[PDB]
2 protein chains.
Amino acid sequence: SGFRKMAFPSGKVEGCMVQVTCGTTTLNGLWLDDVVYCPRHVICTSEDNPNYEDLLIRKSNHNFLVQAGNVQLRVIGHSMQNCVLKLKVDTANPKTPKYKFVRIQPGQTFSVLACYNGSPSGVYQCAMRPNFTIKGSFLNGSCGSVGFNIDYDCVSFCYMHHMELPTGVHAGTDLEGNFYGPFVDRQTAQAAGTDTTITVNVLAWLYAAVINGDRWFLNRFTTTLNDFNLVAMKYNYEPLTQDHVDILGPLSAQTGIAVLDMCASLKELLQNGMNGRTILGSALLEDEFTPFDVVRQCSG
Amino acid sequence: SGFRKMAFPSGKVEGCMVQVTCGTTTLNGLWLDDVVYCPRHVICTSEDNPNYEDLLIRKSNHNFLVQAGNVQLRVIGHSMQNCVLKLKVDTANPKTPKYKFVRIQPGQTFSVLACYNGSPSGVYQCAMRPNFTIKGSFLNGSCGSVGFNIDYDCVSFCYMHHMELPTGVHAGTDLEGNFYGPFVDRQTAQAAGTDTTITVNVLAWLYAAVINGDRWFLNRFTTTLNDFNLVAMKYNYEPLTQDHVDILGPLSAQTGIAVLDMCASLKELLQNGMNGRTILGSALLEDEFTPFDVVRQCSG
């Protein structure tokens with residue numbers, strides 16, 4: 001037992017991380033088969049309101065230094081797809097895993113492999129916030145670090161890191177180079193929009209707590225979906241849908257606590273607080289675990 | 001910026017995990033060069049107050065099934081070292097990293113690669129508690145999962161998982177098979193002893209918060225080491241030593257906040273609480289980050 005925020009084992013992604021250098025700019029790239037994917041930001045400096053089409057036309061293959069550990073990888077083609085650069089290299093990565101490029105939804109989680117100069121440094125879990133930012137840990141040089149999920153040895157890549165917003169949260173793209181949220185890879189006054197709490201995840205985590213022996217917040221009451229959603233709106237929680245209730249079915253069955261029964265507990269927690277008590281070691285309600293994340297750790 | 005609980009990239013350890021089966025018992029082992037390390041518990045069932053010396057004498061090499069993915073590894077020798085079994089195999093692991101076996105101190109952190117049937121499932125950070133337990137996430141089949149730190153591509157293994165205590169916390173050994181704390185690998189009423197809060201780590205995390213822009217808890221006061229330790233004892237915090245102050249030097253220098261100045265903030269937080277505010281997203285004081293963990297993420 002126990003419940004911990006847990007990343008996927010990162011080995012399959014570690015074998016894909018390379019360093020990409022163009023001029024005086026270095027960042028990370030992702031080497032799959034004979035293509036390296038990285039942020040197109042690598043082709044400009046600080047002086048470049050940039051036109052990336054013009055900037056790339058003025059580059060040649062030999063302007064791109066790609067290093068996989070010690071071995072230099074010869075660039076033989078270059079192109080741009082939205083905000084990512086694709087560098088064709090003369091060697092297929094022999095450690096390419098089975099993989100997919102997937103775009104994830106707000107409220108879903110993924111593992112981030114933080115990398116610097118093509119060298120992985122740490123791994124942690126992130127949720128895509130409703131406002132399309134993530135609360136990561138990225139220092140200078142982390143551009144091109146990727147986010148992923150792993151399912152039966154298939155790596156589903158969903159995130160490439162591009163920048164940090166003024167509040168210290170983080171924005172990036174899918175692996176097709178399309179930004180999550182209303183952000184751009186140039187210097188503007190862009191800021192994170194208003195955020196909300198992911199209700200279905202909070203309920204999943206309350207189920208995790210019950211499975212792990214925390215029961216003090218339970219009560220004999222049930223509530224209707226409509227009356228719960230009135231309370232949710234008051235506290236800046238997302239509305240709960242019938243599909244959310246359906247998704248929580250397996251956890252509800254395992255614990256014998258109907259979803260709308262648990263909603264009555266969440267309503268009381270929102271209105272009264274915790275009164276000095278904690279849930280799974282937290283004094284706040286946690287919304288960064290999906291129902292899948294809980295079921296993954298609460299099989300027993 | 002940002003501050004996240006972050007595990008080391010797990011790839012080097014993933015390449016060492018195997019499955020060890022003896023009879024109807026299966027668990028995880030660690031394959032380094034031509035030796036597999038696993039909990040000696042693998043040689044008994046439920047009926048075995050066991051004498052492990054007798055149990056091992058009654059075994060042969062062919063009683064041990066070791067599987068590295070698909071490939072079966074032939075066992076050619078077996079011996080016991082304290083609570084770990086060493087199985088000599090006829091193949092050196094070609095993916096053996098540079099490694100060391102180190103025993104860690106209470107208050108230090110490490111990454112856990114949770115594994116089932118020789119297959120890694122997730123990675124997370126743990127601190128060794130003052131009472132020599134860890135607050136992990138381990139389901140049935142996780143025995144033999146290992147904890148480690150990585151320094152310049154050298155893996156320092158420090159933990160092998162053995163069992164779960166009645167409070168849901170976890171106990172295990174170093175890789176020499178010596179238990180952390182007053183625990184044994186048989187069925188007793190053993191329980192975790194009283195625990196305390198790791199003061200130096202809480203201060204390191206307050207420094208992390210300042211580096212990341214949380215300043216509301218600061219004040220103009222300083223305190224003496226002796227007067228702080230009077231408050232620490234009252235709230236079940238470990239005493240702060242001069243070596244702790246010395247260790248926090250680099251963080252104190254980066255922020256310009258003397259250690260004893262930060263101690264005055266911690267005293268006020270202990271006596272008054274947070275008054276509805278949070279620090280790095282927590283409503284509780286966090287003690288599972290070492291000064292090293294902070295410096296690792298707060299270079300900027």
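Numbered from 1 within each chain, the chains take letters A, B, ... in sequence-line order.
The shortest side-chain heavy-atom distance between A/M262 and A/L251 does not fall under the 4.5 Å cut-off. Using a 4.5 Å heavy-atom threshold, the side chains of A/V13 and A/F8 count as separate. You'll find the side chain of A/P97 reaches within 4.5 Å of the side chain of A/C16, heavy atoms only. Between A/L240 and A/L203 there is a side-chain heavy-atom pair separated by less than 4.5 Å. At a threshold of 4.5 Å between non-hydrogen side-chain atoms, the residues A/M163 and A/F179 count as touching. In this structure, the side chains of A/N178 and A/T173 stay at 4.5 Å or more apart for every pair of heavy atoms. You'll find the side chain of B/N219 reaches within 4.5 Å of the side chain of B/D261, heavy atoms only. For the pair A/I134/A/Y180, no side-chain contact is recorded, criterion being any heavy-atom separation below 4.5 Å from C-beta on.
A centroid separation of less than 6.0 Å is found between the aromatic rings of B/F3 and B/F289.
The number of heavy-atom neighbours closer than 6.0 Å to CD of A/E53, taken from other residues, nucleotides and ligands shown, is 12 or below. The neighbour count for A/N49 CG, taken as heavy atoms of other residues, nucleotides or ligands under 6.0 Å away, does not exceed 12. Remark: A/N236 CG is packed, more than 12 non-hydrogen atoms of other residues, nucleotides or ligands lying under 6.0 Å away.
Listed for the A/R58 side chain is no donor-acceptor partner under 3.5 Å among the backbone atoms of A/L55. In this structure, the side chain of A/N28 does not engage the main chain of A/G144 through any donor-acceptor pair within 3.5 Å. Remark: side-chain polar atoms of A/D214 are paired, donor with acceptor, to backbone N or O of A/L280 under 3.5 angstrom. Listed for the A/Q19 side chain is no donor-acceptor partner under 3.5 Å among the backbone atoms of A/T26. The backbone N or O of A/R4 lies less than 3.5 Å from a partner atom in the side chain of A/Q297, making a donor-acceptor pair.
Below 30°, between 30° and 60°, or above 60°: for B/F138 and B/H170 the angle between ring planes is above 60°, a perpendicular geometry.
Here the shortest heavy-atom pairing between A/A7 and A/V123 reads CB-CG2, 3.5 Å. Between A/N201 and A/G107 the shortest heavy-atom distance is ND2-O, 3.1 Å. A pairwise comparison of heavy atoms in A/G168 and B/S1 identifies CA-OG, 4.0 Å as the closest pair. For B/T109 against B/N149, the heavy-atom pair with the smallest separation is O-ND2, 3.1 Å. Across all non-hydrogen atoms, the minimal contact from A/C22 to A/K59 is SG-CE, 3.5 Å. The two residues A/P9 and B/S10 make their nearest non-hydrogen contact at CA-OG, 3.4 Å.
Using a 3.5 Å distance cut-off with no hydrogens or angles, the side chains of A/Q67 and A/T21 do not pair a donor with an acceptor.
In this structure, CD1 on B/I211 lies 4.5 Å from SG on B/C298, to the nearest 0.5 angstrom. Between atom NZ of residue A/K12 and atom OH of residue A/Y99 there is a gap of 15.5 Å, rounded to the nearest 0.5 Å.
The pair A/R129-A/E288 meets the salt-bridge criterion, since a charged nitrogen lies less than 4.0 angstrom from a carboxylate oxygen.
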Between A/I279 and A/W216, does the side-chain contact (heavy atoms from CB on, under 4.5 Å) criterion hold? Intermediate values first, please.
CA-CA 9 Å; A/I279 300 183; A/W216 63 262; 3.6 Å; yes
